[PDB]
Every structure is written in C-alpha cells, then in structure tokens.
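Note: hydrogens, waters and symmetry copies are ignored here, and every other heavy atom, side chains too, is used. In what follows, residues are counted from 1 in the order of the sequence shown.
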Amino acid sequence: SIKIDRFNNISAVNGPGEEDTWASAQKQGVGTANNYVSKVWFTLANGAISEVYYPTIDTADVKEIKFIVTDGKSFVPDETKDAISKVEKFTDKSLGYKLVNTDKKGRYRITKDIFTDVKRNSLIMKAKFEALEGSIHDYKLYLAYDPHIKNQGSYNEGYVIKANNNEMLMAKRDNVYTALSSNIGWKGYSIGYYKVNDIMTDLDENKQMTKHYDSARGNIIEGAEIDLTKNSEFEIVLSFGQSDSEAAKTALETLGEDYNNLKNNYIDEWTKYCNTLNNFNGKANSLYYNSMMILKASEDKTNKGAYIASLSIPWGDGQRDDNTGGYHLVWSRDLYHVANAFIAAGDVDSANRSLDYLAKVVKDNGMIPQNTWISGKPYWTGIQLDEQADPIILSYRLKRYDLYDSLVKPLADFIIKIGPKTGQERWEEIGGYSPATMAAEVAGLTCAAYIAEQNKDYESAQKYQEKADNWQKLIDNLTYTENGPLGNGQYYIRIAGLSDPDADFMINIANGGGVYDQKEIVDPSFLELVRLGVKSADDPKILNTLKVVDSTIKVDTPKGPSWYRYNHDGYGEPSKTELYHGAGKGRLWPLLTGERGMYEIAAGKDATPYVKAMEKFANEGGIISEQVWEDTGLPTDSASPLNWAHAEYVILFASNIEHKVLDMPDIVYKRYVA
C-alpha cells in the first residue's frame, strides 16, 4: 500500500515551550467542502490560515499556518503582521479564497489559493512568492505550522516521516494526526518549541534555519524552508487521519490529484448549492450568497443539524490555548434563526435537519438546555424559556406536525410548568420577566396549540392557548414601566425582577457592568414582541420604548446606525487597545441593526438603509462580526462570522424585497397583532 519511514535523528531541546493562544477571531474567510465526506473546516485571519477543524466542527487542530520571509541578512517579516492582506473569493458562489499579502515595506508579495479536497480530509494552499524589489534569490521563504491538536496547543507531539519519498511533517495527539506536505518538498525542516527554538525564534537570531530538529512534544511549531530556486510557486497540503498511515496516504492522494481539477470541483459543489437557493428574481446579491454558504458551512458533518454560533474563538489572542470552543456550541436560539434564513433562502432540508437535531435533544433531555455540544450533550445548565419556545415555532413553520409527541408537547408542557418567568433572557445573564422571552413564550404556546389541534389533541390545544393568551395580556403589566427615569418614563424595560415594573429593584449587570435599578435598563430585544407578532408595530408602548432606546443606546456610525444590547453592557473590549477578558465595554451589534430593520418593515417603512448598513458592517471577506466599534463601525475582536447576524441579514435582505417580515409566524400575528 504505502511505504512510510520514520526517523528520530535529532530531538528538540529545552521543551516543552511557552504557552500559546488562539488566533484573532476576526476572520477574512471560512470554508469547507459542500459535502459530508470531507470533514475539514478552515478559517482565514491576518492574511493566513488560522484555525482548522477536523473531524468535527468543534475540534480545532491548528492555530495557524503562515509564511515568514527574510533576506538572510537583516530583516525578518511575519506576513501576518508585516504585510497588508487583501481577500477575495474565487467566485460569488464558492467559499474558496485568494489572498494577496503585500509587504508593508514593498519588498515581497505572497499570493494564496485556499480550499479543501472535496473527496478527502485535506486542506490545500497554493502559494507563489514575488520579489517586488531586488531579486528572488535575495530572499528566503519559510513556512511555520502551529498544531493545536484537539483544541490545545500544549503537549503536541511533532516528528518527521517519509511517505513514498515524500517528506511530511507530522503532528499528533490522541487519535488525531496531521501531515504537512509540499508538492516540491522542503529545502529543510525543523520542529521546535514555541518561543524557545522554533523556526520564528531561529530566524530572529540567525535570519536563517540553524536547527533541524525532527522530534518534539509540547507547544511546538513545525517550520520548513521553501526552495525558491526550485519554484516560486508551490502547493502546500495538510491532511488529517486517525493514524500516521491514514494522514500520509490522504496527503499523497490529494497531491496526486490535478490542482485545477480539485479547485474546480470545490467551486462547482458550492455553486451547485447556491443555484438551488431563491435568487429573488435576480436580486440576490453577493452578501446573500456569502451568508448562506457560511451558514451551510457551519453544520457539523457527523451530527447533522448541529449548527454552531461562530467558527471562531473570540479574543483568541488573549485566550489561553487549552480547551476553547465557546461559540462552537449549539444554541436553540441561534439555530432557530439560522433555520429561518435557510427557509427564506429555499433550503428547507437544512432547516428540517436542524429541527430534527433539536428533537433529538428533547428526546434525551425532556427540554432544551442552555446549550449543547454538537454531539447533543448538554453543556451549560441555564434555563432560557425563549429557547424552549423556538423549536416549537420552527416546527410550526416547517409544518412538522409529526414532532408533536417528541418535541412540541414536552416543551410546551415544560414552559407551562415554569413560565412566564425565565432563568435568563437571551443574553444569558439575568432572570425575571423579559418582553423578548415572554414574546417567544406566547408565540411558542400559540404554535403548540395549533400543532396540538392538527394532532387532534384539543385538550392540550385549549390549555396551551389559554396560557398564551393570559401571558400575552400580562406582558405589559409585568415589563412596561410608567415610572422610569429615562425620557418620559414610559417604556418596556430590559427585564423585571418582581411582578411590578414600576417598583424599585436592583439588578447586577454581568461582565462587571455594575448595579442599577431595573427601570434604568432598556434593551432593543423588546422588538421581539413585534417580530413574533405578539404586539403591533404601531402600539404606542412600542413607540415609547423606541424613543428611549434610540436616545440612550443608538449610535450612528460612519457605516450606518447600530445599537448596544442594553445600557452598561460590559461584554466587549474595555478600550481600543485592550482585549476582552471578562470585564470591559459592550459594543455595537450589527445583529441589532438587522433586527431594527425588520421592525421597520413591520412598521410599513423602507428598510433599505438597514440592509445597506449591515452590508457596510461586513468586512472585506463579506463576514459580519458580532460587534463593531462606535467610532469607525469596523469589527472589534468579537466573534466572526456571527452566524445569527448573517441569518438576520439574509432574512432582512429578503424581507425588504417582499415588503414583509418573512419569519413571523402568521397565526401568532393574526391572533394578537392583526
């Protein structure tokens, strides 16, 4: 079959190396083959491949793969920080990327083509080096691969082998192996310890490879020099496997394939998917398709229906390298919104798979936990009522009345047992009576009653609706203050702790936000009331709240308007030069710009400016972050892409064209807002 020869000629010294961190969460791009066979996902940041996942979407194995160039005499620039990167996709209907990194000093230029092998688990990167000033022979090019197998940078075992006369740098941890190869091979290799004797450190001192270790374990960096005199353009392949032979064999198969063929196959698969989506009479734009592919690419390929929140590690630069994947979890709320985008786009199958995933969760838990791993196992144990309701609402829109016994009834019964109060509202920080959460509960029980009737369970149907009607009539008395310190004192507050929104009640804001009276805090989430058809867009209580919200937490950035989640939000960078580590300052959410746009449509007004604002908030790669700065409207180091925000953009974009709220459950609207 294959002839692999391993050798341990020289082991690295003075390990295990210093501790590491993940890459910046601001991504230039994300991708994966549009099939379930190729279980590899990649992300791009700062002009280079950042985290790479295998064999599941919540299993990061790589921190970075970047190029380092030097003249072998003095300067040593790291492309990820000493060069300007420009990103563009192969086409508007494929998650394939081209990167052009131009040295800030204009000495060199590196161009990359990145995508995966549709048939096997391998990441491909074609690259070419160009000498802008002087001659190419005056430069040295080195590749630095940083493996963080199974979500951790420490204790990574690195070594070198030879598969069919092909020198591959190997890395392993438990059952996960990686193989790094070159179509033209390496001019030299070395596996050293991070910040000790790694390729980067070796160059800072010698500006050329001095060490050539072929073994190491800990926080390692697998470096290699590219023989430029042999070819300024080459192909780098990274394969994965559950063994040395598998990884190596996979790399050999990918390398043996014709480049253009692999690339075209990758693009065609993605294009095929895009062309299956509604184009809205030719109005569908690039951001629409980009958003839909990103969502499509956010599903685990083993646990189908498991869509994650974001394929990034927020403020990763400041996060320690051990076990990280906060946004790599499944939230019923985010999944619900993502499913709505798939529905709006015409990909009903994807929405149903996500619903069936949730049905599986309810079967094993009897309810929806705060969030779960992609496997379906519960993670956090917070109690969010809105999360118990959304799957019911989705069951209704997908007309999946077959899930009544396994999904609808258990969740509806659970909600009636503990509602209308919630353990925590959608920001997952505080409990009480929330207009957004109660809106979800009313909509969910109404949809549950509808489905119960379809199943001829009239007893439950009546029970559910009666509860829904009762809670709907109490929303105002429980969350609408008329004694607030803001504006005219009349508005829905973020959340009430007691059964009287006019009473005094101190709450503790998360992330070091401080202590304030419930009446001092407003949250744009109240618009969920109208979004779900629980309240009319022209209800004077809604308008009154809007005045207070825009006077306190609205900001017109040079990219357009956006809003904070609520006053005194601390979930974000404390300053422009500091990363979020638990206590800082919450920034603007393009997600909320989209939600306001959706409300405007409900109010019978043009939402184009909100569509345009979201478009400008997206970066060069068409990726929308969770948060953006108030002064420039540019992305912070928050999670990106924020799948929920892309889903919101898709729904807003489409809704603004149809002139109606495409994801609002009609029976709820007809009963309360019509």
Side-chain angles (χ1 to χ4, degrees), residues 280 283 337 340-341 343-344 386 393 397 426 434-440 442-443 446 472 475-476 479-481 484 486-488 490-494 522-557 559-566 588-617 644-645 647-674:
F280 305 85
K283 290 186 177 180
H337 292 300
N340 286 327
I343 295 300
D386 71 314
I393 301 174
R397 293 201 63 219
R426 72 180 188 169
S434 161
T437 300
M438 290 186 78
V442 169
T446 295
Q472 196 278 336
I475 290 177
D476 289 1
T479 68
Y480 187 73
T481 190
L486 299 175
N488 76 349
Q490 297 153 268
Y491 49 91
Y492 286 107
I493 63 183
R494 178 183 173 194
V522 293
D523 184 322
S525 298
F526 79 103
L527 288 177
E528 282 290 82
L529 286 163
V530 306
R531 182 58 167 279
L532 286 158
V534 176
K535 294 291 182 177
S536 306
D538 63 6
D539 184 323
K541 292 193 174 66
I542 292 298
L543 285 303
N544 285 167
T545 306
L546 240 40
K547 300 189 190 66
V548 177
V549 167
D550 291 345
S551 299
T552 67
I553 56 177
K554 176 186 179 184
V555 174
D556 278 300
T557 73
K559 300 277 193 168
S562 198
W563 291 255
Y564 293 99
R565 309 155 88 201
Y566 56 82
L588 276 25
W589 289 50
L591 166 62
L592 298 181
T593 291
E595 286 197 4
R596 167 63 81 112
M598 286 301 284
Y599 160 80
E600 293 299 315
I601 293 180
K605 307 195 182 309
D606 192 16
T608 302
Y610 295 91
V611 168
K612 293 298 164 54
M614 286 198 81
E615 290 171 2
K616 303 176 192 304
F617 280 141
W644 181 3
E648 187 69 7
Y649 171 82
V650 171
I651 292 166
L652 172 60
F653 174 72
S655 295
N656 187 229
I657 290 169
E658 286 305 282
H659 301 305
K660 68 185 172 181
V661 183
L662 295 177
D663 64 352
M664 176 173 68
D666 50 334
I667 94 181
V668 178
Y669 170 81
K670 282 174 294 181
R671 194 181 184 70
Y672 305 110
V673 179

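- Residues satisfying the side chain to side chain contact (heavy atoms under 4.5 Å, CB included) test with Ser562, not counting sequence neighbours, are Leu588, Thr593, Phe617.
- Nearest approach of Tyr492 to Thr545, heavy atoms of both residues: N-OG1, 3.0 Å.
- Atom NZ of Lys283 sits in a sparse spot, with 12 or fewer heavy atoms from other residues, nucleotides or ligands closer than 6.0 Å.
- Note that CG of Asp606 and NE2 of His659 are 8.0 Å apart. Values are rounded to the nearest 0.5 Å.
- Nearest heavy-atom pair, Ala344 versus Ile651, reported as atom, atom and distance to 0.1 Å: CB-CG1, 4.5 Å.
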- When you look at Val673 and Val530, which way does the side chain to side chain contact (heavy atoms under 4.5 Å, CB included) test go after all the steps? CA-CA 8 Å; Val673 179; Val530 306; over 6 Å; no

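- Closest non-hydrogen pair, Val522 versus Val548, comes out as CG1-CG1, 3.7 Å.
- Taking every heavy atom of both residues into account, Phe526 and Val549 meet most closely at CE2-CG2, 3.8 Å.
- Separation of atoms CH2 (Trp644) and CD (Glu648) is listed at 8.0 Å; rounding is to 0.5 Å.
- In this structure the side chain of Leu529 never reaches within 4.5 angstrom of the side chain of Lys541, judged on heavy atoms.
- Taking CG from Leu543 and NZ from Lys547, the interatomic distance works out to 5.5 Å, rounded to the nearest 0.5 Å.
- Of the inter-residue distances, the one linking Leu546 atom CG with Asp539 atom CG reads 11.5 Å to the nearest 0.5 angstrom.
- Every residue two or more places apart in sequence or in another chain was checked for a ring pair (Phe, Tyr, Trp, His ring centres under 6.0 Å) with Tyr669, and none qualifies.
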- Message: Apply side chain to side chain contact (heavy atoms under 4.5 Å, CB included) to residues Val555 and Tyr564 and explain how you reach the verdict.
- Response: CA-CA 8 Å; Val555 174; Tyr564 293 99; 3.7 Å; yes

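- In this structure, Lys535 and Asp476 have side chains that are in contact, with non-hydrogen atoms separated by less than 4.5 Å.
- Applying the side-chain contact (heavy atoms from CB on, under 4.5 Å) test between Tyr480 and each of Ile493, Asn544, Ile475 identifies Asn544 as the sole match.
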- Task: Evaluate the criterion salt bridge (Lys or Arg N to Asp or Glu O under 4.0 Å) for residue pair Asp663 and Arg397; output intermediate values, then yes/no.
- Result: CA-CA 9 Å; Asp663 64 352; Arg397 293 201 63 219; 5.9 Å; no

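- Between the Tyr649 side chain and the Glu615 main chain, no donor and acceptor come within less than 3.5 Å of each other.
- Atom CG in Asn340 sits 10.0 Å away from atom CG in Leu662 (nearest 0.5 Å).
- Inter-residue side-chain proximity for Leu532 and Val442 is flagged as unmet; no heavy-atom pair is nearer than 4.5 Å.
- Looking only at distances, a side-chain donor or acceptor of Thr557 sits under 3.5 Å from a matching main-chain atom of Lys559.
- With a 4.5 Å cut-off on side-chain heavy atoms, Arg596 and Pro524 do not count as touching.
- Closest of all the heavy-atom pairs between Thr437 and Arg426 is OG1-N, 4.4 Å.
- Paired with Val534 under the rule side-chain contact (heavy atoms from CB on, under 4.5 Å), one option of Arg671, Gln472, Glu528 passes, and it is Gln472.
- The two residues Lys554 and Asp550 make their nearest non-hydrogen contact at CB-O, 3.3 Å.
- With hydrogens and angles ignored, the 3.5 Å screen pairs a side-chain donor or acceptor of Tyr491 with a backbone N or O of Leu486.
- Taking the six-membered ring for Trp and thresholds of 30 and 60 degrees, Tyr610 and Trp563 have nearly parallel ring planes, at less than 30 degrees apart.
- The line from CE of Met614 to CG of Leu591 is 6.5 Å long, rounded to the nearest 0.5 Å.
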